[PDB]
Amino acid sequence: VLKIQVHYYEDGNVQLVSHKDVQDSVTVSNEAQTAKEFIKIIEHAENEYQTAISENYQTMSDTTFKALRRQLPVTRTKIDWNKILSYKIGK
Amino acid sequence: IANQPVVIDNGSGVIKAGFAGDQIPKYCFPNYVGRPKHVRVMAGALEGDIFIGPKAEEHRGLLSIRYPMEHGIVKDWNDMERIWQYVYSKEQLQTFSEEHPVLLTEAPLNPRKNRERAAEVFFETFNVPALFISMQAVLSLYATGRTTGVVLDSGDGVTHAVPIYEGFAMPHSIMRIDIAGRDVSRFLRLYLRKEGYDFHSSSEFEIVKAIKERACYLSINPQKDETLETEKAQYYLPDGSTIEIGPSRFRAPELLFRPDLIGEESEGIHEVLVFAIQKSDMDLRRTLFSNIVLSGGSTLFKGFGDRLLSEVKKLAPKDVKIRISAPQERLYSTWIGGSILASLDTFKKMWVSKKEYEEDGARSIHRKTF
Amino acid sequence: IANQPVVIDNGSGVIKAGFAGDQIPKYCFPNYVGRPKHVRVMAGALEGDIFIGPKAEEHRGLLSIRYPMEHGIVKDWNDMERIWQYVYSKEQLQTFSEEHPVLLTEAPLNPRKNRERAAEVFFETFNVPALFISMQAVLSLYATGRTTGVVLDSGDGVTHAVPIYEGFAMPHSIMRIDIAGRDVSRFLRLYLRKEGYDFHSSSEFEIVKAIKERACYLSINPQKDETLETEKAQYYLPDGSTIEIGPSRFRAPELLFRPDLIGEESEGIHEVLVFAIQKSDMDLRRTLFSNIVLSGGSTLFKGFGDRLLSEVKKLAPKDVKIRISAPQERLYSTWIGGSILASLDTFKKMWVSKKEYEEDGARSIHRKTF
Ligand SMILES: Nc1ncnc2c1ncn2[C@@H]1O[C@H](COP(=O)(O)OP(=O)(O)O)[C@@H](O)[C@H]1O
Ligand SMILES: Nc1ncnc2c1ncn2[C@@H]1O[C@H](COP(=O)(O)OP(=O)(O)O)[C@@H](O)[C@H]1O
């Protein structure tokens with residue numbers, strides 16, 4: 001299991017919390033090979049992890065955090081308050 | 001003073017008029033001012049010397065016709081004042097401009113000076129109690145009953161695609177061209193000269209429009225029709241002489257899809273419809289593709305919708321459900337929605353009153369429209 | 001093979017070129033490929049049919065201009081290859097690509113596929129001995145003579161605020177938008193249609209850029225300018241007809257600060273500048289505020305720097321010394337830095353040699369840049 005944690009507390013908090021559980025099957029051969037095989041598994045996993053942890057969040061969080069609340073509305077126009085207070089919808 | 005308001009749906013080719021809450025515009029006539037070419041020697045002649053509506057349609061040959069409107073933008077303001085005065089006069093409506101509030105229409109992304117000068121005419125020359133200007137795409141959706149969807153339109157002046165989502169007309173995704181029915185009729189006239197039969201006079205121009213209305217179809221594959229040889233179908237003029245039209249009938253409405261023919265690098269109808277959907281947001285695209293509404297007279301060509309479907313299939317992303325709906329009364333779709341908008345009680349809030357115009361001016365008209 | 005290296009400063013709007021260790025770029029021309037709209041009937045016409053640089057600027061009206069590069073991301077690769085070939089050809093440089101090493105530039109945080117395909121073009125199609133891609137902000141600081149400071153820039157494609165402190169370009173604190181001069185020119189074009197004067201053609205598009213360059217100013221208080229009525233100043237087009245510009249001139253460059261007006265979510269130039277300073281470490285913020293360098297053509301608006309200073313005063317913490325410095329030649333700031341970087345003896349170590357590229361591939365290019 002592979003857990004990250006980051007915490008920022010200036011002007012309010014932000015936290016990164018994470019983990020990856022991995023189950024793998026390896027075959028023993030030599031001391032030089034088993035030393036360089038497990039490390040290789042860790043190296044690729046932790047890079048793929050950091051890669052996903054960095055590259056998915058910079059883009060996908062921006063879009064999923066946006067799917068919850070969008071940066072501008074569905075019109076892409078700042079909502080008009082005068083319009084809201086003197087318009088009717090429906091049938 | 002809250003009388004039954006008048007809905008004047010302005011158009012470059014045809015102008016529609018009538019009262020609020022009706023099923024159809026009772027008063028539809030072409031938007032031009034015919035004036036006599038020849039000299040009047042004999043007494044008991046046609047009096048006035050300024051012809052609008054059915055008199056002008058009856059006596060085309062006498063009148064040097066000239067359109068005040070071009071691409072949804074009035075050039076001749078004195079002529080539009082005479083048309084609006086004729087609309088309210090006893091020959092059509094039989095009412096006063098002083099009593100009823102006015103619903104007006106215009107194309108999107110037009111000159112703001114023309115919108116101000118329109119308001120000046122309705123408030124000062126006519127004595128209107130309250131005015132309101134609106135879009136064509138918003139009204140067409142009110143007529144159908146829907147809220148969401150794209151509205152492709154093709155009148156005589158403008159072709160513009162406006163995407164709307166749940167009663168929110170998206171301003172930044174409004175696509176527009178100055179290629180439309182009048183330009184197709186002008187392109188047909190130029191093609192008929194290449195065939196043989198020329199129509200140079202302004203009264204004689206409406207024969208080309210009548211040929212365009214009747215005998216023009218949009219072929220699905222243009223390259224296949226170009227390789228094949230046409231049949232040369234006939235058409236009888238108002239005189240009686242025959243005209244073998246030939247390949248000009250099918251190459252004429254190609255202008256709307258291929259604007260490179262007239263000599264004007266524009267997008268075209270099908271590209272405008274795709275561009276309007278693409279400029280709008282990712283979440284709304286699939287709903288906008290499913291709800292595509294057609295209106296205007298230049299959508300009434302044979303196999304227009306079938307060609308517009310094929311062009312969307314070519315451009316748009318694959319495996320998406322396309323649906324180009326079209327009402328029965330496409331010519332009057334914009335007026336029906338205005339009549340519905342006028343009949344609703346909320347119309348009182350939206351309009352610009354005469355008192356509010358006198359206090360503020362043009363700024364209040366710009367605020368209330370958007 | 002260590003000959004005098006060439007510095008090709010890329011850009012969506014304009015592309016600069018010349019030799020290393022020079023004061024000014026001798027070879028500046030706009031980055032586009034003009035192609036003939038009209039039919040060449042007469043013998044002894046313009047030969048070639050693919051126009052780049054001053055010939056295209058001279059013969060705008062004939063050519064359908066199209067840009068290969070939008071937002072620092074090339075769309076059409078064949079067009080950029082023709083532009084780079086025109087740069088190296090006898091009409092501009094009068095040199096071979098085989099002799100001189102190459103210094104390329106790109107906007108930060110771009111797609112890596114385009115950077116790879118750029119390198120492929122320089123190593124394979126041209127036979128370059130050594131290539132090196134670099135940042136624009138790093139070069140602009142080398143041109144000025146500082147090491148510390150933020151570099152706000154605004155070309156035709158990209159706007160990006162890169163903070164650097166004593167030769168440490170922080171890759172993480174780099175902010176970027178896809179909003180710049182081209183989008184301001186497109187937004188001004190849209191406003192001119194709202195005013196009345198429509199420009200749709202590709203050759204006619206460069207008149208809007210010329211109007212944007214000449215007749216524009218950024219107001220300090222936009223709400224105060226909105227309440228007041230404008231003067232409506234004039235400007236003569238290349239033809240001769242006069243145009244009253246009106247309120248479009250001052251509302252057009254507001255796009256850079258308010259990105260919501262075009263219809264796309266972004267931070268803005270002033271926010272990006274504050275944001276680049278905030279993302280860096282706490283101890284280095286006050287030095288980054290003191291050294292703010294401007295660059296690019298879209299920073300040349302009247303009262304642009306004054307508006308940037310006011311926006312920083314509003315957002316940033318109080319009682320901090322703000323200083324937005326700028327060079328005299330803001331257009332050629334990045335190229336001078338590249339010419340300085342190329343003239344240095346260190347330059348031999350940084351580059352990607354042709355032998356190293358043939359052995360490793362794209363991975364060696366990704367390693368050497370960062
Ligand atoms: N059946 C038809 N086939 C082809 N074109 C038509 C047909 N009916 C009308 N038109 C064209 O469309 C125009 C009418 O468009 P209209 O719906 O009134 O739009 P607008 O209100 O914007 O003028 C006419 O001038 C005519 O040239
Ligand atoms: N004096 C000026 N005022 C306003 N805008 C300008 C001015 N000069 C150039 N521009 C705009 O800036 C662009 C040039 O910027 P530039 O830095 O050369 O772009 P790039 O960084 O892509 O090379 C032009 O396309 C033009 O629209």
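Neighbour counts run over all protein chains shown; Cβ positions are idealised from the backbone, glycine included. Every read-out reported here was derived from the displayed coordinates using simple, explicitly stated rules and does not represent laboratory data.
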Checklist entry - Spin-label point model (7 Å from Cα, Cβ direction): what's the B:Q85 to C:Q85 distance in nm? => result 6.6
Checklist entry - So for C:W351, C:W84, fewest C-beta neighbours within 10 Å to most, what's the order? => result C:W351, C:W84
Checklist outcome for this item: With the dipole of the protein assembly as shown defined by +1 on each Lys or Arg Cβ and -1 on each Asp or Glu Cβ, the option from C:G61, C:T148, B:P327 whose Cα lies farthest towards the positive pole is B:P327
Item to check | Shielding by partners - mean other protein chain Cβ count within 10 Å, residues of C:192-202 | outcome: 4
Checklist outcome for this item: In whole µm²/s, the translational diffusion coefficient that Stokes-Einstein assigns to chain A, given a Kirkwood hydrodynamic radius over C-alpha pairs, 4 °C and 1.567 mPa s, equals 71
Checklist entry - Which three lengths, in whole Å and largest first, does the range B:179-266 cover when its Cα atoms are put on their principal axes? => result 35, 27, 20
Item to check | Cα-centre dipole for the range C:170-282 with unit charges at Cβ (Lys and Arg positive, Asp and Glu negative), debye to 20 | outcome: 160
Checklist entry - In Å, what is the Rg of the alpha-carbon atoms in the protein assembly as shown, and how long is Dmax? => result 31.7, 122
Checklist entry - What is the magnitude of the charge dipole of the protein assembly as shown about its Cα centre, with +1 placed on the Cβ of each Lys and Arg, -1 on the Cβ of each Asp and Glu, and no other charges, expressed in debye to the nearest 20? => result 900
Checklist outcome for this item: A correct Karplus calculation of ³J(HN,Hα) over the range B:363-370, with 6.51 cos²θ - 1.76 cosθ + 1.60, θ = phi - 60°, whole Hz and x for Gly and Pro, returns 4, 5, 5, 5, 6, 6, 5, 9
Next on the checklist: Quick check for me: using +1 on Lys/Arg Cβ and -1 on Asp/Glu Cβ, what's the dipole size of chain C about its Cα centre, in debye to the nearest 20?
Outcome noted: 500
Next on the checklist: For q values of 0.12, 0.16, 0.21 Å⁻¹, compute log₁₀ I(q)/I(0) with the Debye formula on a Cα-only model of the range B:82-206, without solvent.
Outcome noted: -0.68, -1.01, -1.15
Item to check | Exposure proxy order (Cβ contacts within 10 Å, fewest to most) of B:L256, C:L288, A:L68 | outcome: A:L68, C:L288, B:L256
Checklist outcome for this item: Note, C:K16: beta-carbon cut-off 10 Å, +1 each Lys/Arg, -1 each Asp/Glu, net 0
Checklist entry - In chain C, what residue has the beta-carbon at the shortest distance from the axis of the rotation relating C to B, and what is that distance in angstrom, rounded to the whole number? => result C:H200, 2
Checklist entry - Over chain B, what is the mean sequence separation of C-alpha contacts under 8 Å (at least six apart), divided by residue count, expressed as relative contact order in percent? => result 20
Item to check | Members of B:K318/C:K113; B:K113/C:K194; A:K91/C:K194; B:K16/B:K37 lying beyond 21 Å, as alpha-carbon distances in this model show | outcome: B:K318/C:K113; A:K91/C:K194; B:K16/B:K37
Item to check | Reach of C:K355 by Cα under 18 Å, taken over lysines that are not fewer than 8 positions away in the same chain | outcome: C:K368
Checklist entry - Which one of C:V274, C:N78, C:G196 has its Cα pushed farthest toward the positive end of the charge dipole of chain C, where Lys and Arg give +1 and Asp and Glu give -1 at the Cβ? => result C:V274
Checklist entry - What number comes out for the charge environment of C:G181, summing +1 per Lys or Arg and -1 per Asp or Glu over other residues with Cβ under 13 Å away? => result -1
Checklist outcome for this item: Exposure-ranked with fewest Cβ neighbours within 10 Å first, A:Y9, B:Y357 stand as A:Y9, B:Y357
Checklist entry - Between B:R363 and the same site in the other copies, what are the distances in nm, shortest first, taking label points 7 Å from Cα along the C-beta direction? => result 6.7
Checklist outcome for this item: Once phi for every residue in the range C:169-181 is put through the Karplus expression 6.51 cos²θ - 1.76 cosθ + 1.60 (θ = phi - 60°), the whole-Hz ³J(HN,Hα) values, with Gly and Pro written as x, are 6, 6, x, 7, 7, 6, 9, 8, 10, 9, 9, 6, x
Checklist entry - Once phi is turned into ³J(HN,Hα) by the Karplus curve 6.51 cos²θ - 1.76 cosθ + 1.60 with θ = phi - 60°, what whole-Hz value does each residue of the range B:22-37 show in order, with x for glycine and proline? => result 8, 6, 9, x, 5, 10, 10, 7, x, 7, 8, 10, x, 9, x, 6
Checklist entry - What average number of partner chain Cβ atoms lie no more than 10 Å from the Cβ of the residues making up C:256-266? => result 4
Checklist outcome for this item: chain A: relative contact order from alpha carbon pairs under 8 Å, six or more residues apart, as a whole percent, is 14
Checklist entry - Cα to Cα, under 17 Å, and not fewer than 8 places away if on the same chain: which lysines meet these conditions relative to C:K313? => result C:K321
Checklist entry - What is the Cα centroid distance between the range B:100-152 and the range A:19-91, reported in whole angstrom? => result 47
Checklist entry - In the range B:152-229, which GluC sites (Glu not before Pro) are in a loop and have at most 14 other Cβ atoms within 10 Å, using DSSP for the loop call? => result B:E166, B:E229
Checklist outcome for this item: Charge tally for neighbours of A:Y49 with beta carbon under 12 Å away, counting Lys, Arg as +1 and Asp, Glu as -1, is -3
